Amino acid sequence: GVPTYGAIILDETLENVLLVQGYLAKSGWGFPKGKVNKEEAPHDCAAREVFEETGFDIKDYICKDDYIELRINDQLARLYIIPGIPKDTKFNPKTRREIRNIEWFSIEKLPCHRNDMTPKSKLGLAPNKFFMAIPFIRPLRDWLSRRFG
């Protein structure tokens, strides 16, 4: 898969993160990201995708070493960590055709896994609208503990 780049934007309290909601197969909440273009540097892709999806330009705030990266089904996703963005920031996507809504969420209230269906003696996982975000949550929490305590 083509690598994806984007951002985990946090507010000034470090207790909220900015998620975006897509449509259709992307109908749930996830961090802003997208696919890298040919010859495009990771930081430039992250800023481009984040600005397309949120209308906020991270370019001046990216730190090269501050990111969480996961490989999910052999596609790499790297989200640069951007703390300290005020919650009164006006966010507006560039394309309403891809982004339904943009909201802040409490990090402590977000799930870090989906629930099984062991009460129903059935295999698999119950739907969760944070499914896109979930893989990053525990790594984010651990990262913020290490960097800030």
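From 1 onward, residues are counted along the sequence shown.
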| query | finding |
| --- | --- |
| Stretch with the higher entry mean CA B-factor, where the candidates are 98 to 106 and 119 to 127 | 119 to 127 |
| Mean temperature factor over C-alpha atoms, higher-scoring stretch between 76 to 84 and 109 to 117 | 109 to 117 |
| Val50 by Cα B-factor - lowest, middle or highest third of the modelled chain | lowest |
| Chain-relative CA temperature factor third for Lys90 | highest |
| Where the record places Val2 (Cα B-factor, split into thirds across the chain) | highest |
| Modelled-residue ranking by C-alpha temperature factor, third containing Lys33 | lowest |
